[PDB]
Amino acid sequence: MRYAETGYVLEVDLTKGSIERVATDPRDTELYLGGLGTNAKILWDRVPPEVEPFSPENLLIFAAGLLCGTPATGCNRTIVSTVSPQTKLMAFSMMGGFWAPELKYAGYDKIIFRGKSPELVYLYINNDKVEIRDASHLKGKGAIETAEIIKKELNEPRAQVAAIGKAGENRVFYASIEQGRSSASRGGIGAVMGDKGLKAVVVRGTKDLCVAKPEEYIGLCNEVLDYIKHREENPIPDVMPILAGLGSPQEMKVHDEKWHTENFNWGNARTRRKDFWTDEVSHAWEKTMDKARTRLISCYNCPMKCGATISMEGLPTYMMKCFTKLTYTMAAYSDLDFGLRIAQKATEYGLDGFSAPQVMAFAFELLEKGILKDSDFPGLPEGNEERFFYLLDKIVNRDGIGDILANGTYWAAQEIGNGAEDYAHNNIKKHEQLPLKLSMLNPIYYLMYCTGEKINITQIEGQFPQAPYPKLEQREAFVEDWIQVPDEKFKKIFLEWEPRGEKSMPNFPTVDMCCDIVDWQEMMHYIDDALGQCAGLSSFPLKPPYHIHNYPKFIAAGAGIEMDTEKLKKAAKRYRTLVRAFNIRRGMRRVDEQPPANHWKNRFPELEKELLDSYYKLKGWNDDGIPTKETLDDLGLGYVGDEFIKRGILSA
Amino acid sequence: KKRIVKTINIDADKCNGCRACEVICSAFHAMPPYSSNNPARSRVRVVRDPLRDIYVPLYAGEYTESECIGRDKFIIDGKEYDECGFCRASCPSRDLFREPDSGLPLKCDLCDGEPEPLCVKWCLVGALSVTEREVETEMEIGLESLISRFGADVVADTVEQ
Amino acid sequence: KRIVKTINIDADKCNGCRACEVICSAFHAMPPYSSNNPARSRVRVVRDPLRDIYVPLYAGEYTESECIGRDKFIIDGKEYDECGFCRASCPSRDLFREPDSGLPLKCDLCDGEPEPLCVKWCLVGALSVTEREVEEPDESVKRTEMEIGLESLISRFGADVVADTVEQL
Ligand SMILES: CC(C)(COP(=O)(O)OP(=O)(O)OC[C@H]1O[C@@H](n2cnc3c(N)ncnc32)[C@H](O)[C@@H]1OP(=O)(O)O)[C@@H](O)C(=O)NCCC(=O)NCCSC(=O)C1=CCCC=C1
Ligand SMILES: Nc1nc2c(c(=O)[nH]1)N[C@H]1C(S)=C(S)[C@@H](COP(=O)(O)O)O[C@H]1N2
Ligand SMILES: Nc1nc2c(c(=O)[nH]1)N[C@H]1C(S)=C(S)[C@@H](COP(=O)(O)O)O[C@H]1N2
Ligand code: SF4
Ligand code: SF4
Ligand code: SF4
Ligand code: SF4
Ligand code: SF4
Ligand code: SF4
Ligand code: SF4
Ligand SMILES: [Mg+2]
Ligand SMILES: [W+6]
């Protein structure tokens, strides 16, 4: 009997209309844990590179993490996977809320969608009962709106709904999937859902979900809760107030946005406004937020309550968390009020709030220089704010220039020509990065930008501090109880690291120290994304309650399989290396692993080469970025190497 | 005579809707304890509707063998609550406070025997607390009322049952 | 299918007049309208002007025992009473029990009458009764107030003293 995982998946062919429950291999759980890890294994040996994103054979996968549905705090994440229409690489994407737990109580670990439905439909799951319902009456309805109509329809007030808005239905390349206060936002999974004619997935679950060693397990949970209490009485000293505590970035609670508005670039990641955070602005924005924030609310089984319901006058309520609070405001050079308003529309439409704002700022910079004319904007309103509303609607319906813009800055530029390419200056692998254009090369972040498979700086960082402390005393205070470090050497690094001088960036930490740090930071995300654990209590914040030393205990008591610290490291390596193999098979090479040319004012060609050289070797990869035969072998990935040799990816 | 009355104090203004209370109450009451969990089995159930700003933890009350002739439904301070929205009853009209497999009724016993209500313990924002206080012939009259409304013949015949 | 009836209470319109309690108890006097007595009402208004709480509560189902723990809400800054929304005819309190005998009371929507009278007498329209079809069967064990009454007595005083007085009268 299986524990923690349900041990079954639902296989659905949207072309035939077929639905089937399948027992999973208990070995794939020992090897790859679950979530992202198992998602990747399925992609690897069911989606060869010949497959397009909007090919019927593309797979759209919904997965509950291995420990979702157990009592573990914050363990509630859904991992959605597919081939991205925008990057043409794997897109995995995470959604919090309450959906993944509900799927586990319904009895399933995943839903694998294949094919295309000729008519718009949605999937309905109530424990053992699974059917495909017609969805044509929901056409073009907002993602949250759709969820409420469906729940009335079926009389399932406690069902959880994941849906696409019109954005997805039109295959916008950065279309999201929305569920209450949660979103699978990036990489266009929303578009693949829409391409398949799938409007929503409704799940209701009332089955039990067991753990292997009950007393041992609830013990660890209580230990985690005790740590959450401690950690909130003790914020990281002298650190930006949003990044001093647990949770996703606490931007719904904290009104201090000095850090963001003064160091991140406005417009099309174009403008620094170093003195933006005045007392006047601070009060205006606080007034706006105080009035807008209805309640701070949590995902399933979590006390951190990072998100908030938002009510603007004359607009339906919606939910928000993290940086989307500022992206529309900063892209449009506007105020907090405007951001909250347009974010409501863009959430209902279902759009990636990181990519959308830059796509629109992108477009207007083109109108500015003349690369686009006024004629390409028929009926372009006069005011700045009206113009973002105007363009948002065109994009979401793919109307005229919107059809182009809806493909993202990379594809839009190469379609427009005339020099638009110069203005798509903030992509890595065809995916928009955060609007950051800093001064001095950061060797740690350099490696994360280049190599992260999520292609998003905010989902690979976290465990190691972003800046050093000026005083030795402060550093010694910090390493003192830093139990999370995989190894004592990370304390020593942070002790030596200084803001200025011999031991300052970009030459210190050393190349090898940077490789160790980035490896650790990324490993914890990959573990989170397999277990279903929210990064807010794990990989994202400093000194989390979940870490490399108690995670193996959680997996052993939870799922009933042997697990220790070293085996967990090797597991996370195994499917992080598998995700790598996938993107390699789809053509990714070292040449693609480069940050935007203007991402730092001060660059060091030779230092950068040594960094990436060294990181690959640590990964056990090529100098081309390909995992090697010997590495694939040690990891239990023999079939990867043999396939790589037959494709000529690796010489024999 | 002075006996003890226990009150579950529920500050719904502090509830974040996380349902941790449902997780731990069901988990604790699995057999063996913590061997599993399942919110359908929890004796605390949260009315949760973010779009109405409603977050109301509701505890399993008394068993009733039939529904009411009329179900109540409140509008209060602009919020339109659910039909029977505040009822504690383990009732035939719905699934709440009944096993989702056998339909058998559930009762909150304030985690009798334990050091502390587990739902209270896991509610880290402290929306839940439990507190204590001491508290301090008609038959004949009642029996008349019955005769006088249903008739002496009726009352008698029913006594034999 | 089968019909379900709902009592729609807009507590935001309630003015606390208790006219509802006046007419309910008056109708249920024997004979009808021969007396009245809010304590006998099957609708009882929770009424505290200082807390702006005006909440009409309808007599629900019978319970022979109190709950192990009583509940008490704060919602939208209002501190409600212990068991403040419970409809039960319960031994913990006088509501929905006859004041002079403790007999369980139950709203039956003025059955046999053209319309609920509380609704009728509430001129500001805080109250209304609507109905709808539903699919779920009525698995209720329907039981006459006649036998509910006696059963509460046998419960409270033992089947001995009760049988003693029935024949006696
Ligand atoms: C952005 C940041 C404040 C750095 O700003 P700083 O101002 O410190 O760094 P700076 O601009 O490089 O340098 C300023 C000046 O110092 C100079 N100089 C530098 N080194 C020097 C040396 N050794 N010696 C001498 N001089 C040295 C420079 O030349 C320059 O001089 P200049 O004006 O004359 O040209 C800090 O957060 C960081 O570094 N983060 C790292 C990664 C990152 O991007 N994090 C965010 C990722 S997203 C995230 O986490 C989110 C979370 C939540 C929601 C959403 C997102
Ligand atoms: N396992 C996991 N949890 C995660 C993340 C992640 O990438 N993986 N992202 C975090 C961040 S930065 C945010 S803003 C929230 C977003 O929650 P949502 O996906 O439900 O919108 O998830 C947090 N929890
Ligand atoms: N529509 C929408 N897009 C969004 C967000 C969101 O909450 N809603 N979250 C942003 C933040 S703060 C993060 S960390 C990422 C999370 O990426 P993912 O949802 O693909 O995992 O999406 C970004 N885009
Ligand atoms: S830390 Fe925040 S985002 Fe993460 S589960 Fe808790 S409430 Fe949700
Ligand atoms: S644990 Fe607390 S905040 Fe969470 S749903 Fe229960 S009472 Fe509300
Ligand atoms: S749930 Fe409560 S109020 Fe509703 S019909 Fe049943 S006993 Fe009456
Ligand atoms: S006090 Fe105990 S029995 Fe009652 S709801 Fe809480 S955990 Fe369950
Ligand atoms: S008659 Fe209407 S307004 Fe008066 S107390 Fe009764 S319900 Fe409220
Ligand atoms: S009045 Fe209702 S909630 Fe209170 S003890 Fe009686 S049955 Fe329980
Ligand atoms: S509907 Fe009739 S029986 Fe019920 S409370 Fe109103 S007046 Fe009394
Ligand atoms: Mg997300
Ligand atoms: W984020």
Side-chain angles (χ1 to χ4, degrees), chain A residues 3 69-76 97-98 101-102 104-105 127 144-145 147-148 151 157-158 180-181 204-219 221-222 225-226 228-229 232 294-309 311 316-319 557, chain B residues 12-42 45-55 78-79 81-85 94-96 98-103 115-116 118-119 121-128:
Chain A
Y3 304 87
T70 68
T73 309
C75 196
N76 51 38
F98 305 75
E102 194 73 22
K104 296 291 282 294
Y105 298 127
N127 288 330
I144 303 289
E145 185 188 6
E148 298 301 312
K151 291 187 292 182
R158 291 147 204 107
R181 82 92 153 149
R204 175 65 177 139
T206 59
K207 288 187 170 191
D208 288 328
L209 193 117
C210 302
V211 297
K213 306 315 193 199
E215 260 172 329
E216 182 179 323
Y217 196 81
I218 207 67
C221 298
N222 281 140
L225 288 179
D226 283 344
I228 296 180
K229 294 169 188 173
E232 294 296 279
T294 303
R295 189 177 301 230
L296 297 156
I297 53 165
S298 292
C299 305
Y300 184 65
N301 197 22
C302 190
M304 298 315 310
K305 61 191 175 176
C306 306
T309 41
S311 182
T317 293
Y318 72 112
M319 282 124 298
Chain B
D13 283 334
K14 289 187 174 171
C15 182
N16 57 51
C18 71
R19 298 178 40 209
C21 37
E22 309 190 344
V23 170
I24 188 69
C25 181
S26 51
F28 172 60
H29 296 270
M31 313 158 316
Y34 307 114
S35 60
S36 70
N37 83 98
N38 177 4
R41 292 177 141 76
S42 163
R45 296 290 297 269
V46 185
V47 184
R48 190 197 173 261
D49 188 348
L51 303 176
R52 279 178 285 164
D53 186 53
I54 295 169
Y55 313 75
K79 299 188 160 163
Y81 293 92
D82 307 325
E83 168 180 280
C84 299
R94 80 233 176 124
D95 280 354
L96 289 197
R98 310 167 53 188
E99 312 271 32
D101 50 351
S102 66
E116 164 191 25
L118 291 162
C119 51
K121 170 174 167 205
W122 271 36
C123 188
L124 263 54
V125 302
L128 306 175

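Only heavy atoms go into these numbers, but all of them, side chains included; no hydrogens, no water, no symmetry mates. In the text below, chain A, chain B and the rest are named by the order of the sequence lines, each starting its count at 1.
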For a quick test of your reading: what N or O donor-acceptor pairs under 3.5 Å do the side chains of residues 46-55 of chain B make, sequence neighbours left out?
residue : atom : partner : partner atom : Å
B:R48   : NE   : B:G17   : O            : 3.2
B:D49   : OD1  : B:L51   : N            : 3.1
B:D49   : OD2  : B:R52   : NE           : 2.6
B:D49   : OD2  : B:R52   : NH2          : 2.9
B:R52   : NH1  : B:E80   : O            : 2.8
B:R52   : NH1  : B:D82   : OD1          : 3.1
B:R52   : NH2  : B:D82   : OD1          : 3.2
B:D53   : OD1  : A:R295  : NE           : 2.8
B:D53   : OD1  : A:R295  : NH2          : 3.4
B:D53   : OD2  : A:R295  : NH2          : 3.3
B:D53   : OD2  : B:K79   : NZ           : 2.9

Check: Aromatic ring centroids of B:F28 and B:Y34 under 6.0 Å?
Finding: yes

Nearest 0.5 Å, please: how far is [atom2] in [Y] from [atom1] in [X]?
{"X": "B:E99", "Y": "B:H29", "atom1": "CD", "atom2": "NE2", "answer": "10.5 Å"}
{"X": "B:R19", "Y": "A:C302", "atom1": "CZ", "atom2": "SG", "answer": "14.0 Å"}
{"X": "B:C15", "Y": "A:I297", "atom1": "SG", "atom2": "CD1", "answer": "10.5 Å"}
{"X": "B:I24", "Y": "A:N222", "atom1": "CD1", "atom2": "CG", "answer": "6.5 Å"}

Using heavy-atom distances under 4.5 Å, tell me whether [X] contacts chain B through its side chain, its backbone, both, or neither.
{"X": "A:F98", "value": "side chain"}
{"X": "A:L296", "value": "backbone"}
{"X": "A:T206", "value": "both"}
{"X": "A:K104", "value": "neither"}
{"X": "A:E148", "value": "side chain"}
{"X": "A:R181", "value": "neither"}
{"X": "A:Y300", "value": "both"}

Check: Between the main-chain N or O of A:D208 and the side-chain N or O of B:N37, is there a donor-acceptor pair closer than 3.5 Å?
Finding: no

Next item on the list: Tell me, for B:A20 versus chain A, whether the close heavy atoms (under 4.5 Å) come from the side chain, the backbone, both or neither.
Entry: both

Check: What residue in A:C210, A:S311, A:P101 has the most heavy-atom pairs under 4.5 Å with chain B?
Finding: A:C210

Notebook entry, point to check: Under a 4.5 Å heavy-atom cutoff, which of A:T309, A:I144, A:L209 has the most pairs with chain B?
Noted result: A:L209

Margin query: As an exercise: rank B:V23, B:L124, B:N16 by heavy-atom pairs under 4.5 Å with chain A and give me the winner.
Written below: B:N16

Margin query: Looking at A:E216 and A:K213, is there a salt bridge between them, counting it only when a charged N and a carboxylate O are closer than 4.0 Å?
Written below: no

